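Participant: Here's a structure for you.
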Amino acid sequence: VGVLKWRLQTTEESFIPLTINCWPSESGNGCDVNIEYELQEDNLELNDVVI
Amino acid sequence: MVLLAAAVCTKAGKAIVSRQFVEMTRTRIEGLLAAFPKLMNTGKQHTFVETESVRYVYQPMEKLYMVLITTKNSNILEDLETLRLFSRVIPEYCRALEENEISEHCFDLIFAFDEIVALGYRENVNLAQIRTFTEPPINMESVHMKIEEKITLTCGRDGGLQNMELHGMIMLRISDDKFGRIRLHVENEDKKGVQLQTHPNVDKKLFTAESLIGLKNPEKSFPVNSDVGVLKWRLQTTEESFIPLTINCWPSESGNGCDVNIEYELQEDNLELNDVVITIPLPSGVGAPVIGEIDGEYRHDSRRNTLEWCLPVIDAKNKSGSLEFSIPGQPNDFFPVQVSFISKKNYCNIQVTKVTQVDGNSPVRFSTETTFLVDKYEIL
Amino acid sequence: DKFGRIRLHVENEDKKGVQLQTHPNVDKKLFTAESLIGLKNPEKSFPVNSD
């Protein structure tokens with residue numbers, strides 16, 4: 001089948017557990033950055049996450 | 001034609017050479033030129049003189065008249081100017097005017113006449129050109145947001161999207177003390193079309209995820225024109241805009257007559273539109289229609305050649321009608337139907353997710369309202 | 001009984017391939033929305049071949 005040793009493309013139907021939505025903002029002199037993280041089903045929890 | 005003929009005359013009592021641009025003044029040309037140019041076109045040594053209801057413009061050269069005739073006129077300067085250019089061209093061909101030499105160069109002069117004035121409209125000529133041819137209150141603190149948008153659509157019978165575009169702005173009216181910083185969060189937009197404008201005092205923030213815009217609002221009402229898409233933009237209705245109405249038209253050939261059923265669909269049933277009208281056109285050989293509709297009023301209007309259905313407010317609804325036609329000609333293609341509508345949502349899908357204000361305590365977003373209006377909304 | 005006019009309403013079709021035939025006595029109606037077909041049926045059984 002695919003094999004039990006493969007490189008599959010994450011592109012091909014792979015789910016990306018995280019999507020990051022970055023909204024940078026120009027506060028003016030400073031900059032305000034908001035980072036949005038989204039996970040898959042709420043029930044599942046990820047670990048060792050760092051952004 | 002405005003210029004009947006351009007004519008060279010001898011006051012021998014005949015048109016020596018003359019030009020009929022399109023077959024009209026053949027023999028007619030000679031009689032006019034022969035009588036009128038003899039009297040100096042009945043002139044008094046005036047370039048414009050009008051006789052027997054025909055404007056004659058002229059210049060005397062010897063026993064000969066170079067004559068322009070019109071019976072209609074577009075401008076003052078123009079009539080003289082073609083005659084004038086003619087008068088540069090005529091001595092090149094005939095060494096002044098003189099009946100025998102004019103006669104010999106019928107071809108030359110005549111060709112110039114066609115070239116100079118074409119289908120009675122005064123073109124221009126020149127002697128070189130001629131050659132080619134012959135070659136403090138913060139208790140009060142409140143904020144209101146109003147998103148006003150118009151959507152445009154062109155769609156096929158099939159329901160093809162064709163082109164669409166939404167135009168809109170979000171106006172904010174805020175009563176806030178102090179100078180508070182506000183951050184606006186909205187959904188992300190795309191646009192086949194293009195346009196976005198930002199009010200000053202709008203800052204753009206870059207965030208890893210999500211997009212944010214922040215600004216100190218002017219007090220009172222102002223166009224936000226925030227960053228992001230902006231709070232003044234033309235977005236494409238095509239890009240993710242919802243078309244509140246889809247019209248499905250089923251014309252039918254009853255035979256002699258025609259039966260038309262028009263299907264209207266609205267978004268969620270809960271939402272209701274207002275000021276809706278459907279304009280269903282009809283063919284010229286109208287007879288009379290009988291129309292039936294569950295909701296609203298529908299009326300046929302001759303002149304307009306359209307049947308107009310009006311509905312004060314609609315959850316969603318449909319209409320049908322039968323038409324009687326005399327059948328001249330063959331079948332006629334249908335013209336598109338147009339609709340006008342008002343909806344309490346924006347179909348650019350602008351959503352105000354959150355506007356948080358700082359520099360103080362929570363203000364009340366007393367109200368956010370959406371006014372959606374139809375632009376040119378056409379479906380065949 | 002009698003000769004009754006009938007209107008048929010069906011879903012809208014698309015076809016990569018091609019072919020459609022209509023029985024006589026089939027009329028096509030143009031409506032702003034939805035499509036409609038009307039006809040006086042022959043009595044007994046016949047191929048509708050509507051519009």
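Please note that chains go A, B, ... in the order of the structure tokens, that every chain numbers its residues from 1, and that ligands are numbered from 1 in the order shown.
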Could you please select, counting only C-alpha atoms, the residues of chain B within 9 Å of chain A and state them as a compact mmCIF listing (two decimals) with N, CA and C atoms, in the first residue's frame?
Facilitator:
# COMPACT_ATOMS: atom_id res chain seq x y z
N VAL B 202 -5.08 55.17 11.20
CA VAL B 202 -5.29 53.75 11.19
C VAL B 202 -3.93 53.13 11.17
N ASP B 203 -3.68 52.18 12.09
CA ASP B 203 -2.40 51.53 12.14
C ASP B 203 -2.59 50.10 11.76
N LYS B 204 -1.54 49.49 11.17
CA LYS B 204 -1.61 48.12 10.79
C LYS B 204 -0.77 47.35 11.75
N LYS B 205 -1.27 46.19 12.21
CA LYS B 205 -0.52 45.38 13.12
C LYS B 205 -0.22 44.09 12.44
N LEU B 206 0.99 43.55 12.68
CA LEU B 206 1.35 42.30 12.09
C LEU B 206 1.33 41.32 13.21
N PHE B 207 0.61 40.20 13.03
CA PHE B 207 0.58 39.21 14.06
C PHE B 207 0.85 37.90 13.39
N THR B 208 1.34 36.91 14.15
CA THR B 208 1.64 35.65 13.55
C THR B 208 0.36 35.08 13.04
N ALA B 209 -0.71 35.14 13.85
CA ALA B 209 -1.96 34.60 13.42
C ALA B 209 -2.99 35.67 13.54
N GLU B 210 -4.01 35.62 12.65
CA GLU B 210 -5.05 36.60 12.70
C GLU B 210 -4.49 37.92 12.31
N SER B 211 -5.37 38.83 11.86
CA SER B 211 -4.92 40.15 11.51
C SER B 211 -5.59 41.11 12.44
N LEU B 212 -4.93 42.24 12.76
CA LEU B 212 -5.51 43.19 13.67
C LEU B 212 -5.27 44.59 13.16
N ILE B 213 -6.17 45.53 13.53
CA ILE B 213 -6.03 46.92 13.16
C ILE B 213 -6.29 47.71 14.41
N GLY B 214 -5.53 48.81 14.64
CA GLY B 214 -5.75 49.59 15.83
C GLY B 214 -5.75 51.05 15.47
N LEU B 215 -6.49 51.87 16.24
CA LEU B 215 -6.57 53.27 15.92
C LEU B 215 -7.23 54.02 17.04
Participant: Please give the complete set of residues from segment 24-258 of chain B that DSSP, run on the backbone, assigns to strand (DSSP E), formatted as an MDAnalysis selection string.
Facilitator: chainID B and resid 48:51 54:61 64:70 117:118 121:122 142:155 164:175 181:186 203:205 212:216 220:223 232:235 246:253 258
Participant: In Å to one decimal, how far is atom CA of residue 219 of chain B from atom CA of residue 360 of chain B?
Facilitator: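 Calculated distance between atom CA of residue 360 of chain B and atom CA of residue 219 of chain B is 15.2 Å.
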Participant: Please produce, as JSON lines, a per-residue contact table for chain B versus chain C (criterion: any atom at most 9 Å away, only C-alpha atoms considered), showing the nearest atom pair and its distance in Å to one decimal, sorted by chain then residue number.
Facilitator:
{"residue": "B:157", "atom": "CA", "partner": "C:33", "partner_atom": "CA", "distance": 7.5}
{"residue": "B:158", "atom": "CA", "partner": "C:12", "partner_atom": "CA", "distance": 8.9}
{"residue": "B:246", "atom": "CA", "partner": "C:33", "partner_atom": "CA", "distance": 7.9}
{"residue": "B:247", "atom": "CA", "partner": "C:33", "partner_atom": "CA", "distance": 4.6}
{"residue": "B:248", "atom": "CA", "partner": "C:33", "partner_atom": "CA", "distance": 2.0}
{"residue": "B:249", "atom": "CA", "partner": "C:32", "partner_atom": "CA", "distance": 2.4}
{"residue": "B:250", "atom": "CA", "partner": "C:31", "partner_atom": "CA", "distance": 2.7}
{"residue": "B:251", "atom": "CA", "partner": "C:30", "partner_atom": "CA", "distance": 1.0}
{"residue": "B:252", "atom": "CA", "partner": "C:29", "partner_atom": "CA", "distance": 0.8}
{"residue": "B:253", "atom": "CA", "partner": "C:29", "partner_atom": "CA", "distance": 4.2}
{"residue": "B:254", "atom": "CA", "partner": "C:27", "partner_atom": "CA", "distance": 5.8}
{"residue": "B:255", "atom": "CA", "partner": "C:27", "partner_atom": "CA", "distance": 6.4}
{"residue": "B:258", "atom": "CA", "partner": "C:29", "partner_atom": "CA", "distance": 6.4}
{"residue": "B:259", "atom": "CA", "partner": "C:29", "partner_atom": "CA", "distance": 5.6}
{"residue": "B:260", "atom": "CA", "partner": "C:31", "partner_atom": "CA", "distance": 4.1}
{"residue": "B:261", "atom": "CA", "partner": "C:31", "partner_atom": "CA", "distance": 4.3}
{"residue": "B:262", "atom": "CA", "partner": "C:33", "partner_atom": "CA", "distance": 4.1}
{"residue": "B:263", "atom": "CA", "partner": "C:33", "partner_atom": "CA", "distance": 4.0}
{"residue": "B:264", "atom": "CA", "partner": "C:33", "partner_atom": "CA", "distance": 6.6}
{"residue": "B:280", "atom": "CA", "partner": "C:32", "partner_atom": "CA", "distance": 6.9}
{"residue": "B:318", "atom": "CA", "partner": "C:33", "partner_atom": "CA", "distance": 8.8}
{"residue": "B:320", "atom": "CA", "partner": "C:31", "partner_atom": "CA", "distance": 8.3}
{"residue": "B:334", "atom": "CA", "partner": "C:30", "partner_atom": "CA", "distance": 8.3}
{"residue": "B:336", "atom": "CA", "partner": "C:32", "partner_atom": "CA", "distance": 8.3}
{"residue": "B:337", "atom": "CA", "partner": "C:32", "partner_atom": "CA", "distance": 6.9}
{"residue": "B:379", "atom": "CA", "partner": "C:32", "partner_atom": "CA", "distance": 7.9}
{"residue": "B:380", "atom": "CA", "partner": "C:32", "partner_atom": "CA", "distance": 6.9}
Participant: Neighbours of residue 40 of chain A within 9 Å (only C-alpha atoms; same-chain residues fewer than 3 positions away dropped), as a ChimeraX atom specification?
Facilitator: /A:15-18,43-45
Participant: Identify, on the basis of only C-alpha atoms, every residue whose closest approach to residue 21 of chain C does not exceed 10 Å; exclude the query and any residue fewer than 4 positions from it along the same chain; express the result as a ChimeraX atom specification.
Facilitator: /C:47-51
Participant: Go ahead and compute the interatomic distance for atom CA of residue 333 of chain B and atom CA of residue 17 of chain C, in Å to one decimal.
Facilitator: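 Interatomic distance, atom CA of residue 333 of chain B to atom CA of residue 17 of chain C: 26.0 Å.
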Participant: Would you list the contacts of residue 338 of chain B as number ranges by chain, taking every protein, DNA or RNA residue within 7 Å and counting only C-alpha atoms, but skipping same-chain residues closer than 3 positions in sequence?
Facilitator: B: 278-279, 377-379
